[PDB]
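Peer 1: If you read the protein sequences in the order shown, they are chains D and C. Reading the first sequence from the start, the letters are residues 395 to 443 in PDB author numbering. Reading the second sequence from the start, the letters are residues 28 to 691, 728 to 1337 in PDB author numbering. Note that the Cβ used here is the ideal one computed from N, Cα and C, for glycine as well.
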Amino acid sequence: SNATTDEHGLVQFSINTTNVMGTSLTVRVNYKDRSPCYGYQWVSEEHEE
Amino acid sequence: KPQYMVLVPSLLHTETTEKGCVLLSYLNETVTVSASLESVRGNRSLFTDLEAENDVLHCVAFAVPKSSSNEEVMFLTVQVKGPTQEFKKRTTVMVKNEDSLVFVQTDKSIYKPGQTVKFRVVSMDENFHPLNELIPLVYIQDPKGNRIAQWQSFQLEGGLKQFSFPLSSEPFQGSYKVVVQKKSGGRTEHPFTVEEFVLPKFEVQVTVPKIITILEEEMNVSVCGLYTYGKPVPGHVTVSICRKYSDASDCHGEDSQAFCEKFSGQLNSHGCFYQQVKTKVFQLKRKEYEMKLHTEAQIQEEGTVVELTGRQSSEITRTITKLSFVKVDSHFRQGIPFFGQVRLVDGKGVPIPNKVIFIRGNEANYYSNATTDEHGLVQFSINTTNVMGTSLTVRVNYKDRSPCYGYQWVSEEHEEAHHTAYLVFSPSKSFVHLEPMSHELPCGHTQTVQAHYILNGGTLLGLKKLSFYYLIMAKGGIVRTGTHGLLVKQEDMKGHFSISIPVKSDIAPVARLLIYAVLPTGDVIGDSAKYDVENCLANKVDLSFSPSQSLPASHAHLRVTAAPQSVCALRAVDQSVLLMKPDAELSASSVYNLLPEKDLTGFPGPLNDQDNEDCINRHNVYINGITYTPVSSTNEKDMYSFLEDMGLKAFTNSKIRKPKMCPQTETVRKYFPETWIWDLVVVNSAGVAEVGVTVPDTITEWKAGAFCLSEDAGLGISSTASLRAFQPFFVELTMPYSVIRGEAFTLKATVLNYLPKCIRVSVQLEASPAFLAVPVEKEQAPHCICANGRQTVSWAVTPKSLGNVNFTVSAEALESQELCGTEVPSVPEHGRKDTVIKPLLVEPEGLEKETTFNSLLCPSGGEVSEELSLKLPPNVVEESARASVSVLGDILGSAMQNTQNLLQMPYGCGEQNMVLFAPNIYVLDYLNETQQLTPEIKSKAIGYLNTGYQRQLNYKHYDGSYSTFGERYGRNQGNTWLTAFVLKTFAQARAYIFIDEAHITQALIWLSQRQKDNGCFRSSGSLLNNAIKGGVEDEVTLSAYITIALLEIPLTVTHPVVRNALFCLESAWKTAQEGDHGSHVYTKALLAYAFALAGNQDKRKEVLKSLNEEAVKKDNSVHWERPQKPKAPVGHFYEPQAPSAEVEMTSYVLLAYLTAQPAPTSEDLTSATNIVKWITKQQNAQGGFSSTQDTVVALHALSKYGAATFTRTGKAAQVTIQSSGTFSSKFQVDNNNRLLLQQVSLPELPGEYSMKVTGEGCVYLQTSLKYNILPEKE
Ligand SMILES: *[C@@H]1O[C@H](CO)[C@@H](O[C@@H]2O[C@H](CO)[C@@H](O[C@@H]3O[C@H](CO)[C@@H](O)[C@H](O)[C@@H]3O)[C@H](O)[C@H]2NC(C)=O)[C@H](O)[C@H]1NC(C)=O
Ligand SMILES: *[C@@H]1O[C@H](CO)[C@@H](O[C@@H]2O[C@H](CO)[C@@H](O)[C@H](O)[C@H]2NC(C)=O)[C@H](O)[C@H]1NC(C)=O
Ligand SMILES: *[C@@H]1O[C@H](CO)[C@@H](O[C@@H]2O[C@H](CO)[C@@H](O)[C@H](O)[C@H]2NC(C)=O)[C@H](O)[C@H]1NC(C)=O
Ligand SMILES: *[C@@H]1O[C@H](CO)[C@@H](O[C@@H]2O[C@H](CO)[C@@H](O)[C@H](O)[C@H]2NC(C)=O)[C@H](O)[C@H]1NC(C)=O
Ligand SMILES: *[C@@H]1O[C@H](CO)[C@@H](O)[C@H](O)[C@H]1NC(C)=O
Ligand SMILES: *[C@@H]1O[C@H](CO)[C@@H](O)[C@H](O)[C@H]1NC(C)=O
Ligand SMILES: *[C@@H]1O[C@H](CO)[C@@H](O)[C@H](O)[C@H]1NC(C)=O
Ligand SMILES: *[C@@H]1O[C@H](CO)[C@@H](O)[C@H](O)[C@H]1NC(C)=O
Ligand SMILES: *[C@@H]1O[C@H](CO)[C@@H](O)[C@H](O)[C@H]1NC(C)=O
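1. Run down chain C in chain order and give the residues with a C-beta less than 9 Å from the C-beta of residue 434 of chain D.
2. Where does residue 488 of chain C land, buried or exposed, given buried means 16+ other C-beta within 10 angstroms?
3. Note down the Cα distance separating residue 440 of chain D from residue 435 of chain C, rounded to an integer number of angstroms.
4. Which residues, in chain order, does the region 1186-1204 of chain C contribute to contact with chain D at a C-beta distance below 8 Å?
5. Quick check: is any heavy atom of ligand 2 less than 7 Å from the C-beta of residue 424 of chain D?
6. Is residue 276 of chain C close to chain D, meaning its C-beta is less than 8 Å from at least one C-beta of that chain?
7. Quick one: give me the first and last residue of the beta strand (DSSP E) that residue 1051 of chain C is part of.
8. Give the residues from the region 402-427 of chain D that approach chain C closer than 9 Å (Cβ to any Cβ), ordered along the chain.
9. Counting beta carbon pairs with one atom in the region 1249-1258 of chain C and one in the region 930-949 of chain C, are three or more of them shorter than 8 Å?
10. Please list the terminal residues of the continuous beta strand (DSSP E) segment that includes residue 998 of chain C.
11. Which residue's Cα is closest to the Cα of residue 674 of chain C: C:557, C:1002, C:1083, C:783?
12. So, for residue 322 of chain C: in the same chain, excluding its five sequence neighbours on each side, which residues have a beta-carbon less than 6 Å away from its beta-carbon?
13. Measuring only from the beta carbon, is residue 417 of chain C closer than 7 Å to any heavy atom that is part of ligand 3?
14. Judging by CA-CA distance, which residue of C:1090, C:419, C:865, C:653 is the nearest neighbour of residue 905 of chain C?
15. Does the Cβ of residue 94 of chain C lie closer than 7 Å to at least one heavy atom of ligand 7?
16. Around the C-beta of residue 734 of chain C, are 16 or more other C-beta atoms found within 10 angstroms, so that it is buried, or is it exposed?
17. Could you pull the DSSP bridge partners for residue 664 of chain C from this structure?
18. Taking all protein chains shown into account, decide if residue 1232 of chain C is buried (16 or more other Cβ within 10 angstroms of its Cβ) or exposed.
19. Candidates C:1238, C:1281, C:1285, C:1245: which alpha carbon is nearest residue 1264 of chain C's?
20. Quick check: does the Cβ of residue 410 of chain D come within less than 7 Å of any heavy atom belonging to ligand 5?
21. In three-state terms, what does DSSP make of residue 220 of chain C?
22. What number of angstroms, rounded off, separates the C-alpha of residue 1181 of chain C from the C-alpha of residue 1204 of chain C?
23. With a threshold of 7 Å (Cβ to nearest heavy atom), would residue 383 of chain C be considered close to ligand 9?
24. Based on Cα-Cα distance, which residue from C:835, C:343, C:781, C:757 lies nearest to residue 573 of chain C?
25. What is the DSSP secondary structure of residue 692 of chain C, reduced to helix, strand or coil?
26. Quick check: residue 743 of chain C and residue 1323 of chain C, are their CB atoms within less than 8 Å of each other?
27. Just list the residues that DSSP pairs residue 269 of chain C with in beta bridges.
28. Give the range of the alpha helix (DSSP H) segment to which residue 484 of chain C is assigned.
29. State yes or no: is the C-beta of residue 392 of chain C nearer than 7 Å to some heavy atom of ligand 9?
30. Within 10 angstroms of the Cβ of residue 57 of chain C, are there 16 or more other Cβ atoms? Answer buried if so, exposed if not.
31. Report all residues from its chain with a CB closer than 6 Å to the CB of residue 410 of chain C; omit the five preceding and five following residues, and keep chain order.
32. Provide the residue(s) that pair with residue 441 of chain C in DSSP beta bridges, ordered along the chain.
33. Examine ligand 4 and report whether any of its heavy atoms sits within less than 7 Å of the Cβ of residue 140 of chain C.
34. Any idea what DSSP makes of residue 980 of chain C, helix, strand or coil?
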């Protein structure tokens, strides 16, 4: 689910509990996929999630 | 002891006179030698009887008969027939039909539209002589790839033929190329560019060090600008220099350049601008190699900015210090201390004297120093007393210095010279050495080589005269032969003897020379060496001009000395078009590289291996004496090795091989400039003088060259002789290529005075109705300008009329006294007034727009016709509209290149083997439908086909499936896609090579076991990569593949598996059509062919209409592409799941269009022809396509189109085109010119045309209408 950053760049939310034990939660933003040519090669400027 | 010997080259060219020599050495009786060449299989047989006297080297040549196979291996057996004794020996030789070396010269490197292109083609043999060959075709390929003109089946008259093609008024700006396909196929290509430009009057002479040392503070650099007789021009230069670091990544910007020391200044008259730049700003480390040096000489009194990116060849070498050998023996003996010379170099080929060196010998322990003599050099010799292999290294000055951390820095390198010489196997401890002289030998100048000899028990019979023989070889064949008769007393201690050798030119760049003795003990002793010969021609030709300078003079002689009788091709062109794009290198060195078999060293090893006769090596594995020693391999040199290195084998009696074998006119007017003289002449007994009338647009120097062909002295090439031409008082004008009709522009006129006296002058521009000149400066007062002076006058000209406009402009030296200058000698002799008439064309105003009308018209053995009405909007500018039509049988473009690279050797697991086997079916399929096929390839293919089938069968299961790994353990479950794929290709495969039907039925059954009514097919197993499939692993995309593969296997639509698969695909479309959230295209294109193939012509058109609407049209090339807006997949599968999703799904659609049950309609196939135009263009350079599952469907879709279009028996195809108003034009398309774009213009303002086609075979009719509309509301 998407949302927008409120004043002071922030977003609170909750989710429904009905699955197995270990629950992985990642949050991606703006542009996760982009083309900085190769990964390792000569220069990396990753945008941390 | 009775001895004989016959030497022959291991590669004998067919239908070329191939020399082979014979030596019979000891008498007994009169004997007859005889070589007989005969086929490995079949009844082909020959015999050449050779004469032979005692103790002599008689030679003989012979032409060999042709073989249908490009290269065939045959048996050659020599036989000595004599009353007393009879000897014979066999070996395999390779014959080959080595085709001619041909080339094309063009009048220019570049062309302007409408101008006629002139070229000339020529053919020679391995001796550079005119060869009157029959060339089956030549043709001009445009930048888009369409063959625009061609000349079929013709013979070269004097070893050459001149041609001409007029370029269109509206051609395609870009690079073209003329191509000559020999009888064998060998396409000799040659390019040229076509574009609109305005030629340059001046060069920009950039001077930069060619290779510069790393360790540097600064460097000298300079830039000048001249044109005729070296008269420089003044201008505000803006030079730059920026280096590009070694980056293996781009990312949008892609500008590898970094440090930028730009500069600025003015050029001095009678000179240039000079500058020294500090190199420490560049910090030449961390991957730094090349660097461009741009220029910008902006000439004053001209808005002309002519740059020149010169010396983009300035370099920075890691080997800042260096050593190398010069003259060292690579073959030696323990009984003669060997000699070897070395030379010192410092980065840029600089020899440094008086600097200590350190020689190091890892054998005789020769660790001795010396100092470099004048020209940085040191010769020396060492003592021979060790086991065979000797390693000899030499390390200098800073042998070991500065072992810096090379991770994040430049390894401050220093080269080192080393060599490993081996000793020869001595039979009777006697031998022969050849003194080496490696360095470029000049031809037309004799050389003499020194030969050393040693007899330590060599005598044995004790005869007076011992014959020594020698041979020289080049171009893969023996050229010259001779002998020398050394005579000896008793046990000849030593001695020195030399043999002469004229450097003639009949010897190519390599000159392999051997020498060898014939002892009665039954031994051979000799040596062989290589000498680099300079690349030179035999017909010595030289070009010159009787006059020089002058102005638009008449009769200027042009003289060519050459062979007594020779045809000589001349070429003279302004050195402005030559300045523009340099002409394609045509020198002696250009021709020598064109020669096949520059050198023959070693037998033809990859295809043939004549390397066996007897293994007596392992017979003995006994004892030495003091402690048992079992035998093992060696690395010594023998006589065989020297003959092998030569590239000729030998049939012989005497001991040649080592033991082991088991181990492996107009007053004052100017015009006419492009190409002055393109012609040819015949040389009388000496030379020949051509009286060329001089050109008038002689603002620059006329550079001109030539070449000759003679039956005796081969071919020759002249030294480009120039001719200036400079009127002291002249006028030039700065102006563009084209201009727009309505919009005004700025014309300039620049007058010059290189005459010593000073003159005042007026500027006349004679107006005409076609334009309106408005001077920028109103006063037309004459202004003084003295020696090396100039004045410019800008006029604001607006063209009225359209087309070509010929301007007029005059300038006269006014004698008006009461002058600004300290003197008034304005009146010169007769140069006093010069009038220039230089035209430039004009285009129509507004915004241009174009329409296109393609239509495949196929008369099925009768006639078809279509009507073309060309409308025009009311806003078209008058005469701005124009149009033309084209005709052809196109699919023979990709079909040239692609065919070659594909069909590979099968290997790998179940996944990999299919990638190599699967294409091999569809290529064989496509090659057959196009008609272009060969039995030498069909056989080579079937081998990679039958093998891959049996190899694939190795990864099957008992249940009929096929897994990525297979079953070495069998801990797998076959993947549903791989099985389905196997089956689709085993259905195809089954047509050429016969397949076991059980494997398909076994698979088919297993596919039905993993079939669910709803959702049709289910995913089964794992995959190493998703590269083998455009399938989006969705049940819809998978079932969409299994359903095609199942229908492609001839199966009825009433089948229970297909009935429950088709049910699923109607539900898949009806929902994938309804809800845009779900599918998008890969699926849409698969659902198309599946329906078409199944027979729902109604549902087919239902999906095909919403597909066609969702398509991506372009330049008459319609196709499809994955819409890139949603997301971008993984960094490994980002390029196949989109570009290959594009280039497979398109060819999937194509099949759906082609696949109509009665037959595809004219409306289906004409739309299909457009899709062919894109896929055929979007082709992989080497051959094939991006992924593998696209390469396969592309070829299957092409071949299936190719079946519908082409005709075998339909030779004739007629095409007429008329208009309501008396227009008429016809053409003829047939079996040979289907591969040619036959074009014609159309004259009507309101088009009302009729296309009529007749006979058999298809024709593609593309009509393009172009115009220019001017509406605007701003
Ligand atoms: C592969 O290429 C071969 C040719 O090398 C193709 O075979 C040719 O196909 C046509 C029909 O498409 C044949 O014409 C018919 O021949 C019979 C006699 O067998 C005759 O009674 C009919 O009136 C008609 O003329 C043609 O003879 C046949 N053979 C040759 C040598 O041209 C084949 O279609 C191609 N395709 C595949 C997948 O093999
Ligand atoms: C964030 O989530 C919401 C709700 O899931 C998405 O909202 C829909 O957006 C479309 C236009 O893109 C509207 O037509 C609908 O009215 C919206 N509502 C629903 C419930 O579908 C929204 O698109 C998402 N944001 C982004 C950036 O995709
Ligand atoms: C260089 O070669 C000569 C060959 O003539 C060597 O001379 C022999 O040396 C041995 C001793 O090692 C003597 O027994 C022989 O009688 C010498 N022969 C002659 C003809 O003088 C010489 O020793 C070698 N020197 C080096 C340094 O390699
Ligand atoms: C512009 O004027 C020149 C010079 O008169 C024309 O060029 C040639 O003129 C001679 C005059 O004797 C003719 O014989 C040639 O046939 C002309 N050349 C060509 C290619 O036709 C030139 O034609 C004029 N341009 C226009 C568009 O009228
Ligand atoms: C889970 O809780 C959320 C609360 O935001 C609610 O919207 C959703 O309907 C609930 N679903 C289920 C399966 O309980
Ligand atoms: C010829 O050669 C044979 C075989 O080596 C030998 O018998 C004979 O003596 C030789 N000489 C003469 C003079 O025949
Ligand atoms: C072909 O073979 C026959 C024997 O079957 C033989 O008589 C003939 O010499 C051979 N032909 C040639 C050209 O050598
Ligand atoms: C480079 O210029 C310097 C003067 O600045 C001069 O001494 C030197 O000889 C020039 N280099 C060459 C190789 O001419
Ligand atoms: C070179 O060799 C000679 C003699 O062996 C010796 O005197 C000299 O010191 C050596 N040179 C160097 C640089 O050591």
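Peer 2: On the basis of the data shown:
1. Ordered by position in chain C, no residue passes the 9 Å Cβ test against residue 434 of chain D, which lies about 10 Å from the chain.
2. exposed
3. 23 Å
4. 1190, 1191, 1194
5. no
6. yes
7. Note, residue 1051 of chain C: premise wrong, no beta strand (DSSP E); alpha helix (DSSP H) at 1039-1052.
8. 427
9. no
10. Not the beta strand (DSSP E): residue 998 of chain C falls in the alpha helix (DSSP H), residues 998-1016.
11. C:557
12. 231, 233, 250, 266, 334, 335
13. no
14. C:865
15. no
16. exposed
17. C:451
18. buried
19. C:1238
20. yes
21. strand
22. 15 Å
23. yes
24. C:757
25. Because chain C is numbered from 691 directly to 728, the model contains no atoms for residue 692 of chain C.
26. no
27. C:287, C:319
28. Careful: residue 484 of chain C lies outside any alpha helix (DSSP H) and carries neither H nor E.
29. no
30. exposed
31. 364, 391
32. DSSP output for residue 441 of chain C lists no bridge partner at all.
33. no
34. helix
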